[PDB]
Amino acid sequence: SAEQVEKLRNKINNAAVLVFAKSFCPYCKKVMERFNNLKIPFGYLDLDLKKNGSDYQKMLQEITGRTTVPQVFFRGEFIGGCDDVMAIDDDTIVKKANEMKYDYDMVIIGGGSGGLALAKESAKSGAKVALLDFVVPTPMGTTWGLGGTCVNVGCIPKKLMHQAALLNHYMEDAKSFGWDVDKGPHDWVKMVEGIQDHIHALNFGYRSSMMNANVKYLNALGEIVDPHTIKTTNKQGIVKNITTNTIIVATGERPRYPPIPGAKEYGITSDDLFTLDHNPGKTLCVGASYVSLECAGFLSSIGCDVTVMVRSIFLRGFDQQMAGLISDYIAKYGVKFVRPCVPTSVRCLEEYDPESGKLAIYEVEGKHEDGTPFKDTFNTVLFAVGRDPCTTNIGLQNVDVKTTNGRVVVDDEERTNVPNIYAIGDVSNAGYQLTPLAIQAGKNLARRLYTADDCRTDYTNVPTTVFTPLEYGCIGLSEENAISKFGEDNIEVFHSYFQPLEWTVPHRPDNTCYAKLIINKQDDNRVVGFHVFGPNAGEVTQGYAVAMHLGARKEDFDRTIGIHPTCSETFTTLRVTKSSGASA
């Protein structure tokens, strides 16, 4: 109440056409059917499916002065109950439900994972919405279609290359299983065509979706001029201001290059790798982030001579034991590491020649800490250091939207310091930079803006997985972080090394695959961390995220019967602790 009433007023006004409803109520039917008949796009909320739905009933009477539902609004103007909507003509209602002020209800800057999702979901609940997306090309020249980082230049192409890499070992395994296989060379270009086919079908599918939902896809660069107007600047060079009630920033990030001679003019990044014409050849990856080690990982298994140059430690921010095991493995099966090193120069000794099939060579220099010098020669330098949020150049200075470390600061409804400017997915200072989280952020905001719902998105207990040659999934805290957060005295860690059955016949190292649970003994042996290293870590791990949201404890895993034979059953049977010292 009081504070709550005003929160609902604010949603009603900033919505479009909006019907408060109930399942078992007859009249709400009538109104909605009429709105469908006149192509009037709206967005309902069934108070019956809420359980704080009572508050709403009473809150709405504060606002409108009417007792029952249905209760209709046209962008903040109360239109009335059922008998009120019917007294307005077939022509003049359609007119009334379009009175706008602004060109759009929502303009979305960026058509990535989050933008696209926010966009489709808001149009479903009646908003007139514009989606800006423009891919500023890479220093090298590269560009892609609609869909964002994941679709074009991340998750999708990344996991496909990985699968190509995983098959390499699967074929070596198949001889143990009785198959006579020789297997031949790997043609890089044939892979990249079928990858780039799939990305093109997704480019198309997303463009199609926006079109079928009445989202105006504008292929142009957005920039804020003030809280209700953005400046669009298109492929040609044109300019064109458009107005809007709500602005959503959703511009993602881009690869960071370090500040050294040759970085931009001779290196490449993830943006370029997935669309490369030729074999990358003898390749060097600079950085120990997830992008670097995944890329390194699948290039090596594809045949390439990979070297990874690490500044200090691997996967800063992930559990350092597990990072250890990721690197160790990667290293056992071919990836050469150079550590600690940062590169200092990139210089071009030779040219690439399509006339007539033969790769460029670059001399890279580095300081080997103490330091001896580093100097070696590669065909590809791949910078996989970090990624920078896309917040310079969008006019954030004009509205003074607050930032930190470059990320747009936001509250728990994804809103900035200026109350009609929201930000979602990677640019925000909420959460891990992941696609499903960009998506859900946006799906839920759509429902708050244009159905007046209170559903917020939960940024705790987020699962993640790194697709290294052997995969690492994790939820919750690292061991170090749980330790330092809850105290050494209050955490027990359960662990076990094990072997998938699928590896016993092919004689691949035993006790490499590994599982640990982090336990906060003080809070009823709550699971506060989950870590798995092995094949299909992503699958193994997804389901335990739900159990964690429901507050799983150790006894909750042990009462669960396992599935056999599976890698994931090991979590139902864990006994050895780290404090015991017993071998795992």
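Residue numbers run from 1 along the displayed sequence.
- The stretch 188-196 shows the higher mean C-alpha B-factor when 465-473 is compared against 188-196 in the entry.
- The mean Cα B-factor in the deposited entry runs higher for 362-370 than for the other of 404-412 and 362-370.
- You'll see in the entry that, of 495, 235, 256, 120, the Cα B factor peaks at 235.
- As recorded in the entry, 511 carries the highest CA temperature factor of 433, 292, 511, 444.
- The entry lists a Cα temperature factor for residue 542 that places it in the lowest third of the chain's modelled residues.
- In the deposited entry, the Cα temperature factor of residue 387 sits in the bottom third of values across the chain's modelled residues.
- Ranked by Cα temperature factor within the chain, residue 261 sits in the highest third according to the deposited record.
- Per the PDB record, residue ranking by Cα B-factor puts residue 316 in the lowest third of the chain.
- In the PDB entry, a CA B factor belonging to the middle third of its chain's modelled residues is recorded for residue 207.
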